[PDB]
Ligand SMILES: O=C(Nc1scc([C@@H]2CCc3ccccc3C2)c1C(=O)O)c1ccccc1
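Next up: a single chain in structure tokens, the form solved without the named molecule.
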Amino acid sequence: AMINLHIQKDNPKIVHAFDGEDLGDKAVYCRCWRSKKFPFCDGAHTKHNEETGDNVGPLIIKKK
């Protein structure tokens, strides 16, 4: 089964690259491909996990 169902389907391989210095105090990245704000997490993983029985969640890059 496909993981990504609707995001940027004209792109054969979706990669995001960011400069660490350009991130704010807390960046929350989506790993479920259900966020309406992809590549950022909007909490869509909660709905995905509840509907499917999954346990996925985001990647957080924060300031010390």
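Residue numbers run from 1 along the displayed sequence.
What comes next is about the form solved in complex with the named molecule, which does not appear here.
*Asks:* Though only this chain appears here, would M2 touch the named molecule in the deposited complex if you measure heavy atom gaps against 4.5 Å?
*Replies:* The answer is no: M2 has no heavy atom within 4.5 Å of the named molecule.
*Asks:* Does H6 make contact with the named molecule in the deposited complex, using a 4.5 Å heavy atom cut-off?
*Replies:* The answer is no: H6 has no heavy atom within 4.5 Å of the named molecule.
*Asks:* Heavy atoms within 4.5 Å of the named molecule in the deposited complex is the criterion; list the residues of 29-64 that meet it.
*Replies:* Result: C41, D42, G43, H45, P58, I60, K62.
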